[PDB]
Structure formats: structure tokens, C-alpha cells
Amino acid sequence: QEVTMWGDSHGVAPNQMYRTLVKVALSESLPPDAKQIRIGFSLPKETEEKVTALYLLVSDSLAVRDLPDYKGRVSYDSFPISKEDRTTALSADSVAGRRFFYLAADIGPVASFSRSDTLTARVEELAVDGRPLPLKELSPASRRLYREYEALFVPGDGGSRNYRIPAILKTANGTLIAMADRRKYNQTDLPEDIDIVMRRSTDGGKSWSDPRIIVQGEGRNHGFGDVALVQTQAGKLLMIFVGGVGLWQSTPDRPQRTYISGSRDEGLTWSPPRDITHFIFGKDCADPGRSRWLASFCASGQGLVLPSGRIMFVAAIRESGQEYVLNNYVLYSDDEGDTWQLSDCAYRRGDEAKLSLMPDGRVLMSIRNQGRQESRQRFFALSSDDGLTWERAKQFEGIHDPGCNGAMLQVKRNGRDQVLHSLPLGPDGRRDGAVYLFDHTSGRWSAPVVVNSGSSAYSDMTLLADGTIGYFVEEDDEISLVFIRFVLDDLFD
């Protein structure tokens, strides 16, 4: 008969409906004897000022996310509470046997987004027909305010059971593109059957078009996934991705293929996917050496296009079936994607890697730590010849990498050139999605700022025209892909 309670700590943004603060589970349905349940709660003034309504939601389901993220797949009723009240009651007939209660809020048009702008509440008492029940609180409510916050892809959306692997892109004309693996039958990578799905925003991420499958998986071993995005200097949009068998099943004979595809309408429509595997490795490769390499995949998220017009993604390549090790090579095209060449090797025993342009013209590479190497730090390398050759750059090291994809952006912050980097924080696990600033001139990383507490995995980031950040992250155990827009000045000091 004890009651179990969870405070929510997902992000929120202005003008959002039915945001869970606290959720409550009865161990069983109320007794058929019962007439009434009354819930008492607390909520600070600073939260009350930022909401416009409270509600009890009652559901037959206990969900992880805000109930509207499930788009009708979770049924609930709503019982409004005046914002100033601190108690509420429902009849047993209203509850209709259901066990799960959500104290929720509508968020107002708020205009302050510091780190002290967090919403909270606490369920203090739950009483049936006058009699208090024992309560167990497992977690506190702490929801940070951002300018935008929206789960773009949620398990169950469009019939797909799972979503993974975020990529985001802002075009020169301000269009945002968000893509993902539609992992329709289970959570597992290639060789599973996987589609690539996208959404599009033309209002800076306030609203998003409906999900649209743009690369159809035609069954097991004919899935596509692991999308990375650029816009070329001549304005074309380019996606690169992989298809077919799993990475460690790939051979120079039956390869996991890399494909590209372009769009000239800000990502509405996409050229049919052109297989460029022959340029990289396998039985169709020119080079005889690479012709017996096994596997290649570019890191999901974004590539990098240089002032010169050079288009780059870092591939992680399996050179030998002897071992299960990847080496990084920059994959590049100086002729708008017509042809592709590989750089020199940039990293041995590497993984998913990202590029950014240093203010002085150097190319910085950020390499995922696979196999908990060294001090379990993120690896970095520098190129002084536009990504052809590389040297390790231990001067950039100083942030933990639990073994996860992440992203970086070159920003200027108070007249100083800095690198923003996203990775999960919490030691030795995919939790607490964090960003850090690296000051080039001082050579120091900031303390981490946790953007999204809790389970957190892959992240991509784009710099929006106003110098604010579009952060696209994997939240929760069962992953949702969540777009967050924040302002560096709100997060850092």
C-alpha cells in the first residue's frame, strides 16, 4: 500500500502543455470501497510564477516522458488545479481503477533562462478517504528552462519501436534538418532493418514538419543508418550514411557500403543514394591495399566543409580481419562530392571522430575513446594542411569520454576563440549530457555544464545564426531524440 513517487528532471521551454513535475504510482487500484483521493503538494513561488496552470493527470500507464510526447499512445485524463492551490481531490470514479497520477504544469511565456530557472514541486501527502498513505520519493523534481526543448523522435512514433543516432544541420538559409535511425523492430544497429527518417524546421526549431522516411530499409541486411550531414560551399546539402551488414560482418567482398545523397531544396527531397564504397576500400577499390580492408563508417552527426570547399567526414576503418580495431582517416572531396579520397591515417585504435576549424586555419579532430584507453579521456588531433595529415594534440585533452559520440563547435565567447564540446559526463557511463568550453588561448577546459541530467548518449550540435546552440541528444533509457536550444551566456560564467 506504499506509494512510489518520481520527480521529473527533463528540460522545459516556454509555452508547453502538461509538463510532469511529479508522478505517483499506487501499488494497486484503489479499493472498490474508496470514495476519494486527495493529494497535497508544495511548489515554490519561483515555479508558481513560471506556470499558468496545474493539473492532476490520471493514466493507466506510467511513462518516462511528458505524456504528450507519446502523441495519444498513452491515454490520460486531466483535472485542472489553480496555480495557487496546494491540494486537490478526485473521486474514485474519476480515477476509474487507474494507478498513475501526474502533477503537471502548463508553462507560461517566460523570458529568463539562467541555471537558477528550474521548475520543481513535491508531493507531500496522498490520502484516501481521509487516511494518509505511506510515500516513497525516489527522485526530486528539477526541470531546467531552455528556449526550445522538444523530443523530435520518441519510441513508438510513426509505428517505430526505437530511434537512435541524431544528426542536425543548419543550412545557410536557416533551415534546420534533424535525422535519425528509425530502428523499427528493435534497438540494435545494422544488420537490423533500419530506415533514415528526418524532420525539418524553418522557424529556428520552434516547430518541426512531420517525420518523413527518406531512405527506406528493405529488410535485414538492407537497412541504412549512421547519418552525417553537411552543406557544401555551392549550397547543396549532403548526407553520408551506411547500409547493409553490421560493421564487424563487413568484408572487402560483402561490404557495409557508404552512400551519399544530396538535396537542392533545403532538404525536402534527396537524390537517389550513390554508393561510394569503391573510393574507400573493398573489391572495387583502386588502391590494391585498401582493396582488402574490411569495413568503413563515417561518424554520425556532422562533417566539416572548409573555406576551400573541401568536404570532410572522418571514417573509422577496419584494415584487418585479424583484430577488432578501427583507424581514423579523413574522407574528403574537393569536387562537390563527385569523387572521394582518403587522408593519411589520423589515429590508431580510434572510433567515431569529428572535425572543426580552428580560428588560425588548423583542423581539430576529436576522437571517441574506445576500449577505455589511457585515462579514459577524449582524444584530440591537429592538422596544419586541411585534414591530410595529423598529429596528436594532448594539449586539448582534459575531458572524460565514457565511450560515446559527441560534437564540437567553434564559438567566440567575450572576444575569445573557444571550442564547445558535448559528451555525457557522469563517470564511466552514458549519463548527464554535458557541454564544455575549451579556451584556446589559455589552454583550459571549463567545468562541465550538464544540459540534460539522467541517461544521455549521442549528441550533435549546430551554431544558429544568433550564436545560440541547437543541441540534439539521446535522452532516457529507451531513447528519445531531443532538440534543445540554449544560449551559452545562460549556461556559463
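The first residue of the sequence shown is number 1, and the count goes up from there.
K.L.:
Take the C-alpha B-factors listed in the entry for 137-145 and for 285-293, compute each mean, and give the stretch with the larger one.
P.N.:
The recorded data point to 285-293.
K.L.:
Read off the CA B-factors in the entry, average them over 357-365 and over 166-174, and name the higher stretch.
P.N.:
Comparing averages over the C-alpha atoms only gives 357-365.
K.L.:
So among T202, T88, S75, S112, who wins on Cα B-factor in the entry?
P.N.:
Result of the comparison over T202, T88, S75, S112: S112.
K.L.:
Pick out which of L26, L67, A465, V435 has the highest C-alpha B-factor in the PDB entry.
P.N.:
Of the candidates given, the C-alpha B-factor peaks at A465.
K.L.:
Grab the CA temperature factor for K35 from the record and place it in the lowest, middle or highest third of its chain.
P.N.:
Highest third, going by the recorded CA B-factors of the chain.
K.L.:
By the record's CA B-factor, is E48 among the lowest, middle or highest third of residues in the chain?
P.N.:
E48: CA B-factor falls in the middle third of its chain.
K.L.:
Rank-wise, by C-alpha B-factor, drop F100 into the lowest, middle or highest third of its chain.
P.N.:
For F100, the deposited C-alpha B-factor lands in the lowest third.
K.L.:
Relative to the other modelled residues in the chain, which third contains the C-alpha temperature factor of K83: lowest, middle or highest?
P.N.:
Bottom third by C-alpha B-factor.
K.L.:
Grab the CA temperature factor for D401 from the record and place it in the lowest, middle or highest third of its chain.
P.N.:
Answer is middle: the recorded C-alpha B-factor places it there.
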